[PDB]
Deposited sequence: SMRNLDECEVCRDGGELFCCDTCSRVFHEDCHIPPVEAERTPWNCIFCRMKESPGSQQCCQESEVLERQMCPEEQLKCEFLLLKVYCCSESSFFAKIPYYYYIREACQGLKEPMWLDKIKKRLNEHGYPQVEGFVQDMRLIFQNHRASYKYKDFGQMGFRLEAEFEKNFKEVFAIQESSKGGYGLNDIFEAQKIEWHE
């Protein structure tokens, strides 16, 4: 249609693209988080939905991952993936096969979050943070990840309205 773009919002590539009912953004099935259900009546992307949504951090993390919490984490993970640095931290870290708290990567967090494998917000946020902690303790990589981390931590505060 004339009201939707022809590049996936996340990876800027063509192929099988699903249109958001409201905005111009389009997505590959698995590029959107959670995955696109074209079944739906209609399909709206998570940005347009979260736009229409209506305190200490300790509180937020302790929260059980109920339908709203689950959506907000999915919202945060989609923003992480939309950052150009997501490429680097998507798969197994480079360092992993070279002769450090737990190997972590975005595709691992993505599978877990889509599978409802985090009982609390804390599980998601801690895995996300571990990616950067593990990174820091290695090698010669400049500011790689600085933007991905900073962006997540800004969005995390904003989405759960953490203290100023």
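Novice: As a test: can you identify every run of the deposited sequence that has no C-alpha position in this structure, in order?
Specialist: Seq positions lacking coordinates: 55-59, 105-109, 150-152, 178-198.
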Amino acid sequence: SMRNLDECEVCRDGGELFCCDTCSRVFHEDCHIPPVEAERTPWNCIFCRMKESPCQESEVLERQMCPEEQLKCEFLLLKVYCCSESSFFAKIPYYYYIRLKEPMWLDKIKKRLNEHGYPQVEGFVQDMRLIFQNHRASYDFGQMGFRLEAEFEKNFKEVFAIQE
From here on, numbers count along this sequence of modelled residues.
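Novice: Select lowest, middle or highest to describe the third in which the CA B-factor of residue 45 falls within its chain in this entry.
Specialist: It falls in the bottom third of the chain.
Novice: Which third of the chain holds residue 119 when residues are ordered by C-alpha B factor: lowest, middle or highest?
Specialist: According to the entry, residue 119 has a C-alpha B-factor in the chain's highest third.
Novice: How does residue 159 rank on Cα B-factor within its chain, lowest, middle or highest third?
Specialist: Its C-alpha B-factor belongs to the highest third of this chain's values.
Novice: Could you look up the Cα B-factor of residue 77 in the entry and say which third of the chain it sits in: lowest, middle or highest?
Specialist: Lowest third of the chain for residue 77's C-alpha B-factor.
Novice: Give the position of residue 95 by CA B-factor within its chain, expressed as the lowest, middle or highest third.
Specialist: It falls in the top third of the chain.
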